[PDB]
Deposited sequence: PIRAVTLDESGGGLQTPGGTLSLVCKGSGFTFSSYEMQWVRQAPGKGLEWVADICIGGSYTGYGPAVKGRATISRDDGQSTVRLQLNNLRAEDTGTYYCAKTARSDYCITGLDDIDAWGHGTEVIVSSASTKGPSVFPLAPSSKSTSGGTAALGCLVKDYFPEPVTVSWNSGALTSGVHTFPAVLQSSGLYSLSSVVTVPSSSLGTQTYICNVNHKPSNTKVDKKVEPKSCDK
């Protein structure tokens, strides 16, 4: 069960420093070259840095050169990326990665065999805002639609699950759009038949990790 879990990804200050930790399990850590790869919102994949076996070698991407710092606690099975003087250009999702070959550090990005879940970082000088949940009821025939609107919240992301992870069929998750003010707007709908209107209870669970707000809003026509 070769797995990697990232932590430390949040809304850091522009000018401040970052600290992302990647804990590895399932494989013999210390025997494999570790790397960090980020992805700016909308933009493609980008290599950040790599650390060789026993920290003997340390390489960085031009974008983060003279600012980032990769280290490894081979005992705790962790890789720390410490990026200083955070520009808005650093905003994105960071994924740590494991090289397939043990005791092998050739400079290439063709040998990745294990990717971490990905932690999101936001370089901004804006305070965390709470998500306002507004239920949307239809004013259909055979199939009706229900859902809630998540408006005025910052920063990303937001995990919305229907019935605490029980209702997964017919659930469409939309990407958030940046408003003219600066906050985001995420939407989520679920296709259910007209015969289930009244006998079943549908609640949208909006979870916002940065501001810690869990509001259970019921959608009822």
* To do: May I ask you to mark the stretches of the deposited sequence that the structure leaves without C-alpha coordinates?
  => 1-3, 143-146, 229-233
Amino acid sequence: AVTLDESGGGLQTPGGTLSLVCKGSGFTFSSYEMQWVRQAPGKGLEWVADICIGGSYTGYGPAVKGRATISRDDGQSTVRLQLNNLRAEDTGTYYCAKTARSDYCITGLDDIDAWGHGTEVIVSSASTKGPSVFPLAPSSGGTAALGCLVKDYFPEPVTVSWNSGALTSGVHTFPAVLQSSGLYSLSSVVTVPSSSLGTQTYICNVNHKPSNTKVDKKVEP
From here on, numbers count along this sequence of modelled residues.
* Asked: So 174-182 or 36-44, which one's hotter by mean CA B-factor in the entry?
  -> 174-182
* Asked: In the PDB record, does 85-93 or 129-137 carry the higher mean Cα temperature factor?
  -> 129-137
* Structure fact -> Note to self: of 205, 25, 19, 12, the C-alpha temperature factor tops out at 205
* Out of 53, 70, 160, 64, highest CA B-factor residue -> 160
* Structure fact -> Quick tally, chain-level thirds of C-alpha B-factors: residue 117 sits in the middle
* **Third of the chain's Cα B-factor distribution that residue 78 belongs to, per the entry** => lowest
* Classify residue 146 as lowest, middle or highest third according to the C-alpha B-factor given in the PDB entry, relative to its own chain. => highest
